[PDB]
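Shown next as structure tokens: one chain only, the form deposited in one PDB entry.
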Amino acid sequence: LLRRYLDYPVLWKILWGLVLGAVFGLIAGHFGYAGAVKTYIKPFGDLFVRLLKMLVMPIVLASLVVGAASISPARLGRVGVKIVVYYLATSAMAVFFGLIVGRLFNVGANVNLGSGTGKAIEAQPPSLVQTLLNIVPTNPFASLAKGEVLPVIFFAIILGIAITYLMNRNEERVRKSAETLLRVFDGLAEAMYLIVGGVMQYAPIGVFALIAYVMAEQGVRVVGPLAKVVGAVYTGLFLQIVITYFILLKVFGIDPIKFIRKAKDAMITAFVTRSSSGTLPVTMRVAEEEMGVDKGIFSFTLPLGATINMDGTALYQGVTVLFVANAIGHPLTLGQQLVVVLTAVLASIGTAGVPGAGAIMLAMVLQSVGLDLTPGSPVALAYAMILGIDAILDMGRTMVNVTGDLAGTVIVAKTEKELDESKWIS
């Protein structure tokens, strides 16, 4: 009778896992029991996170090669530039919403910071041209064996274009060899999609465990000013999803409610996994088999959007800037806010592919608007206070990042006349 578990449709099976995990974590971590949760429950969550991370590199390499090798380079270039301008616009609007909400909700009214060696991170912004040079891999195998997503994107696209140029050639040997290499990569991509199907069949347990641990450990650090911060962040995220993405899908024809009902599979995996590059397998599978997007559009726009299009992250940064500026007692004016917007939009590009860049971008936005992040200063104390409930903030903004990647893929597909209209209508 175990099969009923494995034979349960996973659409309304994740949400139940997530909600029951939230309830269990809140009723456990409120009675002083987070230790048993972290020792006996959270291993399942970490196993699920690692099971998802295991697929991100083979899936991106294989699917991207098979896609780019099935698309004319002109279409690939126009899709690239369209999705890039879309990503910049969405990050800008997300920081705009973040600042608007932070000013509205009056986040950080009286933070009442203490005294101590606050958390500080040396900004050290990598150069922009240096980052655009790091997109080219000095070694493709070393860029595979390091978890970097952008260099392998570049190499996979180049290899796909070369492979289709080969399959356009005239000599039988080279054409057959190109076809065989493409069949290898196709089999690899499809095997990875099947493994993703299996992992998502297992996913309710991992989602339960993860959300239970997260809402149990930090289910009590949400009080007073931290409660204000988490409320303002989640309100900004819900307003980004319900205003910007809804209007952008409604202006290009895509029905918003349908897109959300279909992306609820890769949304509740991001909201819990707390990594946009982690849930890349789930979102690529959902954009291929629940949206009807050509494998040349989503396979290019989802992995890139997993390292560039950070909307929830940009919103969290734009609102924690207001929080820290109100904590130190020197509020932000109406021009420094535009500087924050520009600097966040530019930092999302300047940290494209850098691992652990969740704090470098915040250091950039704080340095460019005068708030030096030198340690021991009150600004470091407020940033450490935020890093406190970060684990409960890092949940929603990952969901917003992945929903943004998906909405960008869907829009670029629909505007390029390669979106399956059959599985959209009812």
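We number the residues from 1 along the sequence you see.
The following text describes the form deposited in another entry, which does not appear among the structures shown.
Two rigid parts rotate against each other between the shown form and the other one, and the hinge linking them lies at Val222 among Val242, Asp372, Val222, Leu188. Whereas the shown form places them at one spacing, the Cα atoms of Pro126 and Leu322 lie at least 3 Å closer in the other form. With a change of no less than 3 Å, the CA-CA distance between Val341 and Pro126 is smaller in the other form than in the form shown.
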